[PDB]
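One structure is given below, encoded as structure tokens.
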């Protein structure tokens, strides 16, 4: 599997992908049909944050009219990071940034209390988002972060 | 309810609290017994990120030997933010920072797709962390971020 | 409704829009005639900070000679943020930045005093700017920031 | 009237003031009674962003048990700025920071359209906040930014 | 009068202007002939920091062979700021930056002593530079900053 | 003459000086009587940006009740810089910062036109501020920057 | 095991430890005797980057004359990060920082080629340093970074 | 031997090289066959961080279809630095960044203990990565940093 | 003599110069033959940091096949600074950056001790570099920084 | 030989040294009498940038009335760097900073031309400053930076 150490070719691809998605008026859920992969993972890959396996890459390429150069690029491991400069201004992204700003030390404390010294991994890791009703009317998003605990032991 | 626009008084209190917790070899779970509140909310308050209502404030104060000045301060709305400078270096906190760097654009894309224009709130919001076994051996943390959808609509 | 996680497409559109606006010597008030929406909301949309509903997108498109790709793009939720880098140097924008720098702690203190723990929303939110004569000669701008109170409550 | 070019003494005073306010459980509204000044201005001065005239100073000092050294310092013109580092993390302050991030270019555009070249002043300027009921239930804050237009003219 | 909230189109015009000036080997003094306006103001406009009134724009355009699109853009209010990133590295500009770094606190102090609370305006403001002989041989520059005093008054 | 490469001892002295000035309700003008030096230079020195010659140092020390350690320290060359972090938030200081942000390129351009390649010195340099009436009512500050031209020549 | 979300108490212990070590003229090798742990791990713990298990803590405390408050603190999980601000100026540290700046893209590329998508872990991880003779005379340091490969797999 | 003080032309070459590598689905190991150089050095050079000697340059160029301008450019000493901004967000690169953030002070301390005052060179220096099995299953990367000790001595 | 307040046209010229130097395999020493100017000055000008007198411009242009527009631009005063962002990552440049980081305070201390208050000029200034043998084997660079002392005196 | 990974103890020692030097009105040259070491090295050590051999430490200690704990600390290897935050504001230090900003790329270009790939060392390195008459009146400083060339060789 190929990889890239800089983001501009993948950003170009992502732009090609989004213009096609917008022009065709598609959703990510529809684009993900028949990929054999979860919506969060594929969306992230279309947005330039993951490689797709070859067959998944071809499925989405069929729906967005991507050529073979794009299909190859879609298979490459990218230089990751979806917030240029690290600090988001977009309110939608910023709210998630803010959750970590506020609860970061709480997360550290409760990880060390319930698991021990070490980390919750962001690589052995799955993310999903679910829409649920709010009892007081309206709707809520429940975002689940599921990471493996990796301990820090004396060596 | 009182509030502060600067962080040093709560930081001083948080340090008082942590030294006591360490001296008495207590856990956050133990300190939270009887508050009638969630562990994540009360831990966050002890770490300077929330005000406690007075009953919960007195409950934690007894466990930690906190005086009436400390109890008053625990009831004040703080200046929130748990990562000085915004960018963490501690690996445990960084992993959660990293999840947002990588999946931020995905989180935005799918919120907009499944909800609409707007945000998932970081204020009308609940967080909890659960430990579950990994089938392959070891442990996993499942962190739930649960926020109200707030639409952006024209005016 | 489509969305974008990067700003370059809307930036290009915004530049197309401003060049047309300047060539035709139009005002934002005249471009907004017929949209059934507030001047500030539609101006911000033209400047790449909001999506327009299709009716309003077509109305402004006619005045500016915008094609169908441009009309589709005007309807996409953008990656928001109108000050590159966060810190403005333009004096006009900087004065509003300075108002928050100076009165930020005061706004916090009084929000918590008069409403309680929580925030004044920037999403459930309206802005408008009004021109009124100054008695001493000259003119004043009255800018109204109108946001919903959202409480922070224990969980 | 005296002035200071560094903030720490005034920071110390502000801390003294807030600890007495919390200890006595006072509101800013109560503290401001009989000062002859607006709540926003006096709150800002207590929080270290403005001098108070001598008599207003003595009035608040009586209520907060401040001595003559504090009364003298309350009258000094401070080094202004209430967000250390300029970028707030506290959600309540951040929301107002965000309004300028999002609507900054719109504010510039409509100022130039409706007034002309120049600025809306942050000095010949008044701020206030009102609490108004929301028709759909709940409460809203209406913050008014009232600034003199200062034109830029060719010299 | 039109305005822009982003600098790139104006930056492009400024480059066109500077390439014309270098090609024809003009001085700003010679370009300014017949504008009826001050050299510092018109120079700043050419370098992208001010609009020109139409007559002055046509005068300088004739000398630099600018077309109607340029003349029109030269009349637009720009996004101001002449130092990308705020901190200059060019020694000539840096010296002026350094004067403010060193004397900033003195300026504040003497403003409040001699005028009172408030600012010296950077908008109701004129700048000029004069060359005068140094008695010991060589030359001095006398740069004059002439701004309106705007008081801060309790409200 | 002695020098310091770090600022904390002068900052402490400057604080002592200011607390005495505020306590005695002195002006800088009164403090400067009989120093044989200009107000801007001595004010800068009091604010920790310059050394004073021994006798000027003693003249100001008599007025502010400084001992012989302060008098010795007043004669030391400091680590200069009066804006911590370089970017001011205080509106009074910021306006002078903003003059350089806006007119920086103009100053460079006119310096090279009228003098040639090189710089206007910030060292072989004098500053002064004057208060003059505004014919349209009110008052203006005229700040004079008087620097020696230092050419850049091929070597 | 206890943990701290802020560095100040551990920084104080580290200072105590370093002053003892310097005063007694001890080496990290001599302090590590009888811990049963690697020199690099225990050194990092003494410098505030890891907790020690109790036995090791008591062993090193005996050699440094640390009391029980310190032995308890030495067992707590710290807020990790040994370079304030992230960017080192000290030449010895900077060279290691430099290796990553230069070879960072190479490490990425070869990790993805030889292992696949994912990371080399900084947690399931051992470091050691060895001194070896340079044949040309002089000495070399062979620093070994030994981390678990954690794959990124599509989900 | 030629050199460049800016990175863009080398970044363009690097993009050309990567696009050919991805197109032909080559590995760095395959590309490196017959260069007479180690994998880490040649990979670094291909990625813009090192010059290649002429014959090695021609060997890789034959495999990637690079012309003579590319071959000349491959032989130039570049402006080194592989992480724009210095701080990586890509998890693979960040992990190596993190090892230095956490073990920085430890590396310094043990260099001075085992070698003395001075540095471990990043120039008289060799890097290599090795894949080894993990006893508990899976795989480990062993990265070797091999640098010359350069002493600091009184002069 | 003409000047530029932005670097892009000069950066383009520098690139044209370097692509020709690499294509023709020239040295700076060779390009400089017959300018009657020091190697350090002309190299800096070729790299965009100085104007050349017309004669030198035409001499170097002949060797690099530069047209008249290039010759004209080589004579313009540039916006100076050779390290984008101020902090170099390239190791060759960084070592010189590091010398100032380490010896900055010593340089200040000894300048004031041996000369007095004021500066060593970076404008009335010459730089040169000499290759000399190291007695212990190898070579040393002796870089000479030759600047005029400009006093700071009380005014 | 002891070392430290943080600067505060050495900063305190340096303050003690400077306060003694000022009180006794000593020069660095006088403090350095009898060390056997160059003025530049010993001045840097006193300012916290190098360790002294015990003999030199005790010599300078006798002149400054330093106790035994200070003598011990003076022999420790420090965490080096003499400009907090890396970017100087003090004009005297900034001029040296500026020389590297302007001539950085030229130094790189000529190092590679005259030596080859690699660096000029900042560690195998000597610094000195000489006062020289200016032929046209006044004084000059000649700062000599003398470093070992370290080659970068393909491996």
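Along the chain as shown, the residues are counted starting at 1.
The deposited model was determined using X-ray crystallography, 2.1 Å.
Keep in mind that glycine also has a Cβ here, set from the backbone N, Cα and C atoms.
Residue environment of residue D:95 (active site) contains 27 other Cβ atoms, counted within 10 Å of its Cβ in all protein chains. The DSSP secondary structure for residue D:95 (active site) is helix. For D:95 (among others), the entry in Swiss-Prot reads active site, with the evidence type sequence analysis.
Of all Cβ atoms in the protein chains displayed, 23 besides its own lie within 10 Å of the Cβ of residue D:98 (active site). What Swiss-Prot lists as active site is D:98 (among others).
Taken residue by residue with DSSP, residue D:121 (active site) is part of a strand. In sequence order, D:147, D:148, D:149, D:150 constitute the residues six or more apart from residue D:121 (active site) in its chain with CB-CB distances below 8 Å. Look at Swiss-Prot and you will find D:121 (among others) tagged as active site, backed by sequence analysis.
For chain E, the nearby active-site residues by a Cβ gap under 8 A, listed in sequence order, are D:121, drawn from D:95, D:98, D:121.
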